[PDB]
Every structure is written in C-alpha cells, then in structure tokens.
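Novice: Structure below; questions to follow.
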There are 2 protein chains.
Amino acid sequence: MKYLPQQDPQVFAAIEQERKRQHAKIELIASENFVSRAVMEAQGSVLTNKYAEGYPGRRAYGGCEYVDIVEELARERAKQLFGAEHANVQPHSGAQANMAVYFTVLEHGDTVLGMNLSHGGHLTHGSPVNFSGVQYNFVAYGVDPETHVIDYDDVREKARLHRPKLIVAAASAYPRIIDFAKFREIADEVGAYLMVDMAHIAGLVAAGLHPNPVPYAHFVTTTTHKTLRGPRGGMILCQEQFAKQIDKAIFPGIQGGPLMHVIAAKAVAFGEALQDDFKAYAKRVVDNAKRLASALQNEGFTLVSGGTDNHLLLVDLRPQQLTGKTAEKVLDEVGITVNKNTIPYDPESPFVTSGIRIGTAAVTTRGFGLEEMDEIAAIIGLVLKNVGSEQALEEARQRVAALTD
Amino acid sequence: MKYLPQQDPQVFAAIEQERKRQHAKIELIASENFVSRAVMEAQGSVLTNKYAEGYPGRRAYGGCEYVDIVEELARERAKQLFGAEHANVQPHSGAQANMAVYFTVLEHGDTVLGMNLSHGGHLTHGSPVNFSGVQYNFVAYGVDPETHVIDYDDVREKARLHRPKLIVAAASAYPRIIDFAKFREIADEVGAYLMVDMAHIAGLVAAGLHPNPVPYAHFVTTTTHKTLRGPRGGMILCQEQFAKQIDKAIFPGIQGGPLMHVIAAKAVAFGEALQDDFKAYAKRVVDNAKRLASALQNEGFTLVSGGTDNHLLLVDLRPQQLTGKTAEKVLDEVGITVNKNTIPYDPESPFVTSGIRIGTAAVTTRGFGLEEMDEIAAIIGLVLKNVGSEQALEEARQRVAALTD
C-alpha cells in the first residue's frame with residue numbers, strides 16, 4: 001500500500017493489525033479462507049466507479065462495454081465450473097442470492113421446507129429473526145438423533161404434510177455429503193421447487209469432491225467466498241427456463257447497481273478454480289479435514305456424525321462437560337480460531353452450545369498438511385482437557401506459534 | 001497492479017480498458033464519481049478474508065478486534081460528518097439500506113408515500129417491479145407541472161388521504177433543494193415516520209451546501225458512493241431510539257456478514273469528507289452545476305425546474321423535438337456520457353424519455369472548472385442541434401478529446 005498509509009494512518013494501522021493477525025492465528029472457522037493477491041487487486045480496482053445496473057449488453061447506462069466483458073467472463077467461467085445453464089454473478093452476498101430466489105418463486109406467507117437451524121441450517125433458511133422466517137412460512141426437517149445424517153424420510157414426511165412451494169437443501173454446519181437426488185425426488189413428489197444453498201461446499205463441488213447439485217436443483221445459490229476461495233459475494237446458478245425471472249429478481253427486484261470490482265474478483269476466483277492446482281488444493285482440504293477429524297477422535301473427542309465427508313467437522317463437547325462457548329473462549333487465548341456451534345438436539349441454547357465447528361479450507365490455503373492436522377488436534381486436546389492450567393495454555397500458545405512460524 | 005496481469009490476462013485487459021475509458025470520456029452521469037487511490041487500496045485489502053457478522057464488540061465470531069476498530073472509525077466519522085446519533089455502515093448498497101429501514105418499521109402491505117418515480121423518485125421508492133412496490137402499498141406525491149418543484153400541498157393531501165405509516169423523501173433526479181422540515185411537519189400531522197434517502201446529495205450535505213435531513217428524519221439512508229465520493233455501498237443514519245431495531249434489521253434481518261474491506265473504504269471516504277478540501281470540492285460541484293445549467297440555457301436548452309440547487313440538472317429536450325434516448329445515443333458517439341431520464345409529466349415512456357440527466361460531481365473531481373462547464377455545454381449544443389451532421393459530431397469528438405487531454 002502506498003497512499004492509504006499517508007491518507008489515513010488510523011485505518012491503515014487497523015488493517016495492518018488485521019493482516020498480521022491473519023498470519024499469526026490458526027484459522028479454523030469453517031467459512032473462512034484467504035484470497036489470492038490477484039483477487040484483491042481486482043477488488044481494489046477502478047471498477048468501483050462504474051454504475052452498471054442491468055446486465056451485459058442490456059444495461060441501464062452507457063459506457064459499460066468493458067465491465068460487460070468482466071461480467072460475462074465471470075458468468076461463463078462460473079458456467080464452465082459448475083455446468084450450469086445460467087449464472088447471475090451480481091448478488092452482493094449469500095443472503096441476497098437466497099433472497100432473490102425466494103423473491104422469484106414465492107409469495108409472502110408461502111410454505112418453505114428447510115434444514116433445522118440447530119441441525120446445520122443457515123440463518124437465511126427460516127430463522128424467525130431473519131427476513132426468511134418473517135416473510136415466508138418455514139418448516140424444518142431434521143437429522144437422525146444417532147447418526148446426525150439428514151433423515152430423508154423426515155424430509156419427505158415434512159414435505160407431504162406441509163406441502164411447501166420450495167424445498168431448501170444445504171447447510172452451514174453439516175459435515176456429510178448431501179443427497180440432492182433424494183431432495184429432488186421428494187420435491188417432484190410434492191410438486192415443490194428445489195433450491196440448494198451450496199455456499200460452504202461450493203469449492204469442493206467445483207473440484208468434483210462433492211456431488212454437484214446443479215443437475216438436480218431448479219436453483220443453486222452460493223457465496224463466492226468460503227471453499228470457492230473468492231471475494232466476499234453471492235451467486236445464483238439455474239437452468240435457462242428461470243434465467244429471465246432470476247435476473248429480474250436481482251435487478252430491478254432486490255438490488256440496484258452491482259459491485260463491478262467484486263464481480264471482477266469473482267471472475268479471477270473462478271479462473272483460479274478452473275485450474276488443476278485448485279483441484280489439488282481442494283482434495284487437500286478434504287484430506288486434511290478427514291485427518292483432523294481422525295486425530296481429534298484419537299484425542300478422545302466425539303464428532304457429530306462420527307467424522308466428515310467435506311471441509312468441516314463438529315466436535316460434540318458434552319463428554320468433556322464443556323460448552324461450545326467455553327471451548328471457543330479458551331482456544332482464543334492460545335491463538336486458535338473456532339466458533340461455538342449448536343449440535344443436533346443440543347440441550348444448550350445457540351448462544352451457549354454444546355459444540356465447536358472446525359473447517360480446514362483456510363489452513364490448507366496457507367499450506368498446512370496432514371502433519372499439521374495431527375498437531376492442531378493435539379493442541380486442541382491439550383487445551384480442552386486442561387482448561388484450568390495456565391502452563392498447559394502457554395505450551396499450546398507456543399505450539400501454535402511454531403505452526404504459524 | 002502486479003499479480004492480476006500475470007494471473008488473469010483477460011480480466012486485466014478489460015479492467016485496463018475501463019481505466020482508460022474513465023479518463024477518455026466526459027462523465028456526466030449524476031450518480032458517478034472517482035474515488036481516491038486510498039479508498040481503492042482499502043477495498044483491495046485482506047479484510048475481505050474476515051467474517052464479522054454482528055457489530056463491534058458484539059460479534060458472532062472471534063478475532064474481530066481490528067475489523068471492529070475499522071467499523072467504529074467508519075461509524076464515528078459518519079456521525080461527526082452528519083451529526084447523527086447512530087450510524088450503521090454495513091448495508092451492501094443503497095437498495096439494502098432502504099430495504100432494512102422498510103423491514104424495521106413496516107409490515108407487508110403497509111401504505112408508504114414516496115416521490116413519483118417519473119418525477120425524480122428512485123426505483124426503491126415504490127416501483128411495482130421492485131421489492132418496495134411488491135412488498136408495500138406505495139402511493140406517490142408529485143412536483144408542480146410549471147415549476148417542477150415538489151408540491152408540498154400534494155405531499156400533505158396524499159398523506160392525509162392514504163395515511164401512510166412511512167413517508168419517503170429524496171430523489172434520483174430532482175435538481176432542487178428538498179424541504180425536510182415540511183416533510184416532517186406533514187409526517188407529524190398524519191403520525192407517519194419520515195425516511196430521507198439522501199444518496200445523491202449526501203456529499204453536499206456533509207459540506208453544508210444542502211440542508212441536513214438528520215434533525216428532521218427518523219431515518220436517513222444513503223449510498224457511500226455518488227456525491228459523498230466513497231466506495232460502492234450503503235449507510236443508515238438514525239436517532240438512538242431506533243439504533244437497536246435498525247442494527248437488527250441489517251443483521252440478522254436482511255444481510256449476513258458485512259464487507260469489512262468496503263467498510264474500511266467507507267471510513268477512508270468519511271475521513272476525506274471531514275477535511276476542508278472536500279468542502280471546497282463540493283462547492284465547486286454545485287458552482288459547476290449552476291454554470292453548466294446557465295451555459296446550457298444560453299445554448300437554448302430548457303431545464304427542468306429552470307436550473308439547479310445541487311449537483312444535477314435535467315434537460316427537457318421537447319423544444320428540440322428529441323427524445324432522451326436519441327440524445328443519450330448521439331452524445332455517446334462523441335465521448336460524453338449521460339443517461340436518458342424521464343422528466344415530470346413526460347409524454348414518453350421511461351425507456352424513451354423526453355430528457356437527459358446531467359451531474360457535475362465526476363468532472364469536478366478530475367478538476368474541471370467554470371471554463372470547462374461552458375465548453376461542455378457548447379459541445380452539447382453543437383451535438384444536439386446537429387444530430388445528422390457527421391462533421392459536427394467529429395468536431396465535438398475532438399473538443400471532448402481536448403478537454404480530457
């Protein structure tokens with residue numbers, strides 16, 4: 001940076017703190033990642049100066065010839081990456097991507113079926129304090145109490161009873177592979193649309209390590225950040241038959257001018273995802289998650305679902321008589337970043353929880369491998385089994401510093 | 001740029017085209033501006049990697065100590081700039097800022113009073129193809145057919161008849177000062193909330209060249225781009241009594257994680273707006289708009305409202321028997337960027353129009369003064385009075401190139 005340090009010392013100091021924090025800490029929040037310098041450069045470009053309401057070739061304003069190329073690059077790369085018939089790369093976030101699909105196919109007060117929020121569902125999948133739960137009548141399906149795997153008979157029974165106009169599949173904290181074929185089968189039975197929110201698993205889908213929802217879903221929503229490792233923003237994929245309605249839902253429906261500099265960064269991230277090395281990265285993410293899960297079990301930890309098929313895992317802390325809140329706090333003291341997370345059928349409130357969520361996408365990006373996963377799990381074991389020992393926590397602190405150099 | 005040219009030649013080429021386009025053209029779209037290199041650097045920072053759902057000190061995730069400083073800087077600078085009791089700097093756009101206020105005080109189907117969209121009102125102020133017109137019952141007030149100034153007796157009659165829960169003031173294409181005291185007086189009479197969308201005039205408000213809506217409005221929404229000359233995004237200002245409800249409306253209400261890198265850039269832009277030189281810039285914007293208006297009248301053009309009090313003007317093209325669409329297209333041929341715009345009581349559709357909208361914020365940023373305003377108006381006169389002459393258009397083309405160096 002050249003001009004920010006001189007223009008704004010205060011803002012620069014805080015950014016520089018954050019930059020060093022990102023390097024110093026072990027980042028295990030399952031939604032986090034680190035973008036390439038190219039993606040950031042695209043976001044720091046002059047494309048922020050351009051109003052481009054509408055779509056390529058069909059803009060509200062003139063002068064869009066070049067931002068049109070950028071958007072088409074993003075859309076075409078997205079389509080190549082996921083095999084979708086249509087992409088909309090304008091959503092400001094995952095929340096707005098979801099909002100636009102709901103705006104497309106639902107009327108106010110319509111019944112929608114989503115994943116239980118305390119079982120892995122997202123805030124935008126029916127929370128009563130979110131627009132989704134306020135605007136629509138959300139009903140929930142759950143996971144099995146023993147396996148913590150989605151109960152597809154419960155998805156089917158809830159769909160046949162409540163008759164939703166839309167079924168939402170996918171999750172913020174579900175460590176196993178989702179069966180989109182079964183979701184579509186249930187959707188076809190009750191005449192519902194199927195929406196898959198692949199935000200968390202999107203990068204694994206692109207690399208062929210998770211089944212692709214695109215062939216089975218009417219709509220697929222995602223973030224461009226998370227496993228996809230792009231800029232912060234949203235995206236909608238759908239078939240050609242909904243393309244017009246989906247585009248209209250984004251603009252003039254729920255948004256105005258798009259962030260062309262972020263869309264530029266989306267294109268960059270998609271270009272990166274199309275390369276062979278991203279496929280190798282993504283396998284290491286899943287391999288690392290598996291290793292970390294296995295190593296945590298070796299430390300004596302119980303995991304939700306008994307392991308993981310993807311990038312994330314959930315530790316059920318009940319056997320150690322710890323809340324997720326306590327675990328989160330003590331790990332923060334040693335330089336390991338997790339978030340407390342509700343486990344299925346949690347006796348605790350979402351503000352306390354009986355679990356922590358852990359993901360490997362971020363540490364894999366910085367080059368952590370299987371040996372690092374063993375060490376992280378060993379440090380977590382040391383911390384959580386000795387919460388009242390400052391010597392144990394100092395040792396953990398030093399072992400975290402050893403991993404981050 | 002260092003890494004983007006190597007990583008992504010295609011995206012780099014398009015950005016580099018856009019960068020050169022921005023310099024080569026005369027940008028008169030009233031919503032456009034050019035941000036500082038510091039603002040862009042803040043947007044191109046590592047803060048895109050941080051999830052920060054919630055608010056400073058009250059976050060959903062740990063590790064937010066430094067992004068908290070950034071957000072508080074933005075909020076405090078915003079509060080200092082506009083004298084507001086509370087700021088929310090998380091809205092992804094102007095559309096989302098508006099959406100959150102509607103989500104705060106209105107139920108589905110509630111009556112809302114806004115400015116006629118063909119008289120200057122914004123898409124999010126009740127368009128039937130926008131969430132606002134679909135979710136709420138929007139009624140409109142108009143401007144006087146002779147003066148094109150807001151008819152405050154019509155605002156009052158529409159409010160007393162329809163009994164809106166909310167009154168929206170402010171505009172996308174209104175060249176005169178808005179009387180917020182009269183809006184609040186009408187709001188108080190019918191027991192309605194008052195929301196002011198100051199997106200276009202926000203930079204003029206900060207520099208004391210437009211009356212501040214903050215003391216009169218329950219809620220003030222704005223973009224951080226446009227006259228404020230910041231990054232692309234939204235903001236909400238309100239009194240302390242709505243602070244909690246407004247924050248809840250943004251998250252967990254309508255958004256998820258905020259764009260901390262954009263919020264960093266918001267802080268930078270606010271820091272710039274607090275400086276003396278921005279006040280001098282903003283006066284030149286209004287002075288230039290006045291001069292341009294006057295010079296256009298000297299060329300024989302009729303202006304909506306007979307001139308301007310702010311950054312923008314509207315040319316009523318009817319006396320030249322031209323549509324706004326035709327004018328927009330021919331000016332594009334010579335390197336002058338305008339947008340067609342509906343004029344009050346326009347006989348043409350919004351896709352054709354009888355006017356063009358012109359603003360000076362962008363050309364003033366690049367250092368255009370009063371002499372440049374005279375020349376721009378002379379070139380516009382040359383173009384629009386000789387639409388069928390390729391020699392006139394080539395001369396215009398060369399005179400545009402002379403202005404942009």
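Labeling convention for the structure tokens: chains A, B, ... as they appear, residues from 1 per chain, ligands from 1 in order of appearance.
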Dump as a short mmCIF file (atom, residue, chain, number, x, y, z; two decimals) with N, CA and C atoms, in the first residue's frame the residues of chain B that approach chain A to within 6 Å, counting only C-alpha atoms.
Specialist:
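Saved result, part_9.cif, follows:
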```
data_model
loop_
_atom_site.label_atom_id
_atom_site.label_comp_id
_atom_site.auth_asym_id
_atom_site.auth_seq_id
_atom_site.Cartn_x
_atom_site.Cartn_y
_atom_site.Cartn_z
N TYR B 3 0.10 -8.79 -9.72
CA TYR B 3 -0.23 -10.22 -9.80
C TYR B 3 -1.40 -10.53 -10.74
N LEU B 4 -2.37 -9.62 -10.83
CA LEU B 4 -3.51 -9.79 -11.74
C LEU B 4 -3.12 -9.88 -13.23
N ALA B 14 -9.55 -6.12 -19.66
CA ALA B 14 -10.85 -5.46 -19.55
C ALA B 14 -10.84 -4.32 -18.52
N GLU B 18 -11.29 -0.29 -19.13
CA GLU B 18 -12.19 0.53 -18.32
C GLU B 18 -11.49 1.73 -17.69
N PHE B 34 -15.25 9.60 -8.94
CA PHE B 34 -13.98 8.88 -8.95
C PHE B 34 -13.39 8.88 -7.55
N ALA B 38 -6.47 5.76 -2.09
CA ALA B 38 -6.57 5.27 -0.71
C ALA B 38 -7.83 4.43 -0.46
N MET B 40 -9.59 2.83 -2.76
CA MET B 40 -9.41 1.60 -3.55
C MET B 40 -8.48 0.60 -2.85
N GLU B 41 -7.38 1.10 -2.29
CA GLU B 41 -6.44 0.27 -1.52
C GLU B 41 -7.13 -0.40 -0.34
N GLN B 43 -10.32 -1.18 -0.20
CA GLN B 43 -11.18 -2.21 -0.80
C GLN B 43 -10.39 -3.40 -1.31
N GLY B 44 -9.14 -3.16 -1.71
CA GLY B 44 -8.24 -4.23 -2.14
C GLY B 44 -7.43 -4.86 -1.02
N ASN B 49 -11.14 -11.30 3.86
CA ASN B 49 -11.00 -12.64 4.45
C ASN B 49 -11.70 -12.84 5.80
N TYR B 66 -9.73 -6.01 15.34
CA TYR B 66 -9.20 -4.98 14.44
C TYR B 66 -10.21 -4.50 13.39
N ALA B 95 -29.85 0.21 -2.03
CA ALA B 95 -31.04 -0.65 -2.05
C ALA B 95 -31.24 -1.40 -0.73
N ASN B 130 -39.99 -3.60 -8.33
CA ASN B 130 -39.01 -3.60 -7.25
C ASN B 130 -39.66 -4.19 -5.99
N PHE B 131 -38.86 -4.74 -5.08
CA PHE B 131 -39.38 -5.28 -3.82
C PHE B 131 -40.27 -4.29 -3.06
N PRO B 252 -29.59 -9.75 12.30
CA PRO B 252 -29.78 -10.85 11.35
C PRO B 252 -30.92 -10.67 10.33
N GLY B 253 -31.41 -9.45 10.17
CA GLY B 253 -32.59 -9.17 9.35
C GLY B 253 -32.49 -9.46 7.86
N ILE B 254 -31.72 -8.65 7.14
CA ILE B 254 -31.69 -8.77 5.67
C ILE B 254 -30.32 -9.14 5.09
N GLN B 255 -29.26 -8.98 5.88
CA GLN B 255 -27.91 -9.33 5.43
C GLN B 255 -27.26 -10.38 6.32
N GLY B 256 -26.07 -10.82 5.92
CA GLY B 256 -25.26 -11.72 6.72
C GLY B 256 -23.98 -11.01 7.12
#
```
Novice: Within 8 Å of residue 158 in chain B, counting only C-alpha atoms, which residues qualify if same-chain residues fewer than 3 places away don't, as a ChimeraX atom specification?
Specialist: /B:113,139-141,154-155,161-163
Novice: As number ranges by chain, list the residues of range 130-349 of chain B assigned to alpha helix (DSSP H) by DSSP on the backbone atoms of this structure.
Specialist: B: 131-135, 152-162, 180-190, 202-206, 243-248, 260-273, 276-298, 324-334
Novice: So how many Å separate CA of residue 97 in chain B and CA of residue 98 in chain A, to one decimal?
Specialist: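 That distance, rounded to one decimal, is 17.6 Å.
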Novice: Would you pick out the contacts of residue 222 in chain A at 8 Å or less, using only C-alpha atoms, so that residues sharing its chain but fewer than 2 positions from it are not included, and give the list as JSON, numbers by chain?
Specialist: {"A": [94, 97, 197, 198, 199, 200, 202, 220, 224, 234, 235, 236]}
Novice: Write out as a PDB file with N, CA, C and O atoms, in the first residue's frame which residues come within 8 Å of residue 85 in chain A when counting only C-alpha atoms, dropping same-chain ones fewer than 4 positions away.
Specialist:
```
ATOM      1  N   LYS A  79     -20.247 -20.942 -15.285  1.00  0.00           N
ATOM      2  CA  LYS A  79     -20.987 -21.967 -16.028  1.00  0.00           C
ATOM      3  C   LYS A  79     -20.108 -23.159 -16.404  1.00  0.00           C
ATOM      4  O   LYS A  79     -20.547 -24.302 -16.326  1.00  0.00           O
ATOM      5  N   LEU A 237     -26.998 -19.934  -9.646  1.00  0.00           N
ATOM      6  CA  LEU A 237     -26.993 -20.776 -10.835  1.00  0.00           C
ATOM      7  C   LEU A 237     -28.384 -21.373 -10.997  1.00  0.00           C
ATOM      8  O   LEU A 237     -29.028 -21.733 -10.009  1.00  0.00           O
ATOM      9  N   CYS A 238     -28.851 -21.454 -12.240  1.00  0.00           N
ATOM     10  CA  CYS A 238     -30.155 -22.044 -12.554  1.00  0.00           C
ATOM     11  C   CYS A 238     -30.230 -22.469 -14.020  1.00  0.00           C
ATOM     12  O   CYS A 238     -29.374 -22.097 -14.826  1.00  0.00           O
ATOM     13  N   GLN A 239     -31.251 -23.248 -14.369  1.00  0.00           N
ATOM     14  CA  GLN A 239     -31.469 -23.588 -15.778  1.00  0.00           C
ATOM     15  C   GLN A 239     -32.013 -22.402 -16.577  1.00  0.00           C
ATOM     16  O   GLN A 239     -32.440 -21.392 -16.010  1.00  0.00           O
ATOM     17  N   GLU A 240     -31.981 -22.541 -17.900  1.00  0.00           N
ATOM     18  CA  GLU A 240     -32.370 -21.482 -18.828  1.00  0.00           C
ATOM     19  C   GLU A 240     -33.805 -20.990 -18.623  1.00  0.00           C
ATOM     20  O   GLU A 240     -34.088 -19.809 -18.829  1.00  0.00           O
TER      21      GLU A 240
END
```
